[PDB]
Visitor: 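Okay, handing you the structure first.
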Amino acid sequence: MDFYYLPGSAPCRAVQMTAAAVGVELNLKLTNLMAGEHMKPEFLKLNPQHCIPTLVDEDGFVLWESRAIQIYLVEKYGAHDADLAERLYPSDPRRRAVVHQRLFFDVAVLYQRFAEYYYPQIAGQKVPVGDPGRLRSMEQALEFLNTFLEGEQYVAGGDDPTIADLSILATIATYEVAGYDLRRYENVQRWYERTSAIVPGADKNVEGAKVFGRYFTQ
Amino acid sequence: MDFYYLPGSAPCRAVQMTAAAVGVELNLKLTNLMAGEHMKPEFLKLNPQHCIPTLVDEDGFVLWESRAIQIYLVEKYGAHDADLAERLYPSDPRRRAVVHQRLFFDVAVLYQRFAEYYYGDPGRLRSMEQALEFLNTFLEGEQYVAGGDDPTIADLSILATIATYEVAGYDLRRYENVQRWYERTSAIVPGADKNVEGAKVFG
Ligand SMILES: CCCCCCSC[C@H](NC(=O)CC[C@H]([NH3+])C(=O)O)C(=O)NCC(=O)O
Ligand SMILES: CCCCCCSC[C@H](NC(=O)CC[C@H]([NH3+])C(=O)O)C(=O)NCC(=O)O
């Protein structure tokens with residue numbers, strides 16, 4: 001299964017952790033966005049949205065959006081080990097719904113506000129300062145996460161990490177390398193250390209996040 | 001089941017079409033954001049993220065994010081009509097993955113870039129038009145946004161978003177597949193008339 005990616009990319013790292021959890025080996029295909037490798041006609045024919053991660057499965061089925069890939073990996077490549085799939089992606093509609101809400105929270109709030117705050121600083125114009133409104137908004141996202149984690153081990157509840165933990169762990173590791181002091185959010189920091197110590201593929205998350213630190217050397 | 005909403009709100013409209021599709025009646029709880037009703041302690045106790053739509057089911061289960069609500073409605077209520085549930089939310093992992101990708105596309109790209117442009121910047125406009133072009137491309141040779149022979153919850157979500165584009169004054173006929181899908185899907189999806197009317201009257 002071909003996996004078009006960059007290690008620095010949070011959503012790519014979420015997929016790497018999930019593939020590790022379900023015992024899927026990914027054929028890693030570095031996709032240099034700066035070089036426009038995602039804009040090559042062969043890539044566009046696979047994925048007209050020209051984005052990473054992109055997964056191409058054994059039949060040539062092409063999928064993108066990291067969290068859609070996470071669910072697909074569990075349902076198709078994990079579900080044989082029923083207990084494992086249930087831990088990663090509980091099927092009770094209430095439990096499933098909380099996992100989904102946290103995944104959407106990660107894409108549209110937690111990672112979205114990270115991008116809105118930092119991307120203008122580290123790319124394009126490279127604005128020399130962060131917008132204070134964008135900072136407050138981002139801090140509000142961290143505050144939401146901190147609240148979700150109050151009296152809970154994991155982001156969507158459960159006795160074990162779910163795919164929501166894996167997605168948010170990719171995101172939070174990116175906050176860390178950006179230089180955000182997560183110790184401001186005690187539950188987030190506690191969860192971050194614990195989940196980093198136990199999840200499959202945490203090595204890919206840690207090393208890839210360090211790579212993304214290349215945007216933050218100044 | 002209690003539905004905390006505003007009539008003009010896209011994600012609210014998406015949930016309303018989905019409830020209609022599964023034959024669920026919603027107890028409407030108008031939640032005025034400009035009036036700060038989402039920041040009242042009663043609401044914050046239900047939903048610390050203080051956002052609408054929020055659903056409270058009979059058993060006291062609280063849920064937010066429209067697209068999570070959509071899935072919940074199908075899984076819990078749609079499942080009483082097996083063929084219906086499979087039309088709205090196909091179970092095959094590949095088919096479901098496309099539905100999921102389209103739902104995430106809607107929140108993070110299509111609606112996101114709409115919000116960035118309308119809530120006029122040349123760069124923000126370009127980014128928004130790129131999202132419309134993506135949807136236009138997805139719809140080349142497909143009746144529905146995630147494929148399939150019938151509308152899925154991804155169609156319903158994107159219908160709510162696209163109705164907001166229309167009322168904001170964007171010329172959707174620039175994206176032929178988008179306009180074609182929008183007019184046709186609006187004609188056949190139960191409650192989709194109310195979607196456009198709600199967008200037009202309150203958006
Ligand atoms: C500013 C520093 C660099 C940040 C890199 C961000 S990750 C690369 C980016 N991918 C995404 O943002 C995918 C997000 C998507 N929501 C997911 O989870 O898969 C991309 O392919 N972008 C190219 C494109 O979409 O055209
Ligand atoms: C005239 C209607 C136009 C304005 C409607 C905007 S939708 C209201 C907004 N809700 C959301 O953006 C929820 C988005 C979420 N992605 C979903 O799909 O449910 C909100 O509760 N915002 C308040 C908050 O989050 O604090």
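Protein chains get the first letters and strands the later ones, always in sequence-line order, with residue 1 at the start of each. Just so you know, these numbers use all the heavy atoms, side chains as well, and skip hydrogens, waters and symmetry mates.
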Visitor: Mind checking the CD1-CG spacing from A:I172 to A:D165? Nearest 0.5 Å is all I need.
Guide: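 These two atoms lie 11.5 Å from each other.
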Visitor: Return the set of residues passing side-chain hydrogen bond (donor to acceptor under 3.5 Å, both in side chains) with A:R102 (not counting sequence neighbours), or none when no residue passes.
Guide: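 side-chain hydrogen bond (donor to acceptor under 3.5 Å, both in side chains) list for A:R102, sorted by chain: empty.
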Visitor: Is it true that A:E116 and A:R113 have a side-chain N and a carboxylate O under 4.0 angstrom from each other?
Guide: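 Answer for the salt bridge query: no.
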Visitor: Treating B:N195 as the side-chain partner and B:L159 as the backbone partner, does any N or O pair qualify as donor plus acceptor under 3.5 Å?
Guide: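 Side chain of B:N195 to backbone of B:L159: a pair is present.
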Visitor: Is a donor on one side and an acceptor on the other found under 3.5 Å between the side chain of B:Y165 and the backbone of B:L110?
Guide: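 Answer holds: yes.
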Visitor: Could you grab the distance from atom CD of B:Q49 to atom CD of B:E65, nearest 0.5 Å is fine?
Guide: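 Between atom CD of B:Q49 and atom CD of B:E65 there are 8.5 Å.
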Visitor: Between atom CG of A:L6 and atom CZ of A:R13, what is the distance when rounded to the nearest 0.5 Å?
Guide: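 A:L6 CG to A:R13 CZ: 10.5 Å, rounded to 0.5 Å.
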Visitor: Has the side chain of A:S137 got a donor or acceptor atom that lies under 3.5 Å from a matching backbone atom of A:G133?
Guide: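 Answer holds: no.
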Visitor: Rounded to the nearest 0.5 Å, what separation is found between the CD atom of A:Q101 and the CG atom of A:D106?
Guide: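 A:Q101 atom CD to A:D106 atom CG measures 10.5 Å (nearest 0.5 Å).
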Visitor: With salt bridge (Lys or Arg N to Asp or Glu O under 4.0 Å) as the criterion, how do B:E197 and B:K200 come out once you've worked through the C-alpha distance, each side chain's angles and the decisive distance to 0.1 Å?
Guide: CA-CA 5 Å; B:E197 186 177 29; B:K200 193 190 289 195; over 6 Å; no
Visitor: Atom OH of B:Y144 and atom CG of B:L139: how far apart are they, to the nearest 0.5 Å?
Guide: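 These two atoms lie 11.0 Å from each other.
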Visitor: Grab the two heavy atoms, one from A:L55 and one from A:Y72, that are nearest each other, plus how far apart they are.
Guide: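 Reported closest heavy-atom pair: CD2-CD2, 4.2 Å.
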Visitor: Is the number of heavy atoms from other residues, nucleotides or ligands under 6.0 Å of B:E176 CD greater than 12?
Guide: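 12 or below, so no.
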Visitor: Check whether more than 12 heavy atoms from other residues, nucleotides or ligands sit under 6.0 Å from atom CD of B:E42, and answer yes or no.
Guide: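 Check passes, neighbour count above 12.
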Visitor: Calculate, to the nearest 0.5 Å, the distance between atoms CD1 and CG belonging to B:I71 and B:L63 respectively.
Guide: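 One finds 9.5 Å between CD1 of B:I71 and CG of B:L63.
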Visitor: I'd like to know if B:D57 pairs up with A:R94 as an ion pair, taking the criterion as any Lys NZ or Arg NE/NH1/NH2 lying under 4.0 Å from an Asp or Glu carboxylate oxygen.
Guide: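 Here B:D57 does not pair with A:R94 in a salt bridge, since their nearest N and O are not under 4.0 Å apart.
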Visitor: Hey, are B:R95 and B:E86 close enough for a salt bridge, meaning a charged N less than 4.0 Å from a carboxylate O?
Guide: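 Result for this pair is no, no salt bridge flagged.
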Visitor: Return yes when atom CG of B:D149 has more than 12 non-hydrogen atoms of other residues, nucleotides or ligands closer than 6.0 Å, and no otherwise.
Guide: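 Incorrect, the count does not exceed 12.
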Visitor: State yes or no: are the ring centers of A:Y180 and A:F114 separated by less than 6.0 Å?
Guide: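 Centroid separation for A:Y180 and A:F114: 6.0 Å or greater.
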Visitor: For the backbone of B:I153 and the side chain of B:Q70, can you confirm whether one donor and one acceptor N or O come within less than 3.5 Å of each other?
Guide: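 Between the backbone of B:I153 and the side chain of B:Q70 there is a qualifying donor-acceptor contact (under 3.5 Å).
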Visitor: Applying ring-ring contact (aromatic ring centres under 6.0 Å, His included), run through B:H50 and A:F144 and close with a yes or a no.
Guide: CA-CA 10 Å; B:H50 53 74; A:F144 291 145; 5.4 Å; yes
Visitor: Return yes if some donor-acceptor pair links the side-chain N/O of B:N47 with the main-chain N/O of B:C51 below 3.5 Å, else return no.
Guide: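 At least one qualifying donor-acceptor pair exists.
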Visitor: Flag the pair A:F105 / A:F148 as yes when their ring centroid distance falls below 6.0 Å, and as no otherwise.
Guide: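 That pair passes the under 6.0 Å test.
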Visitor: Any sub-3.5 Å donor-acceptor pair from A:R96's side-chain atoms to A:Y89's backbone N or O?
Guide: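 The answer is yes, because a donor-acceptor pair under 3.5 Å joins these two groups.
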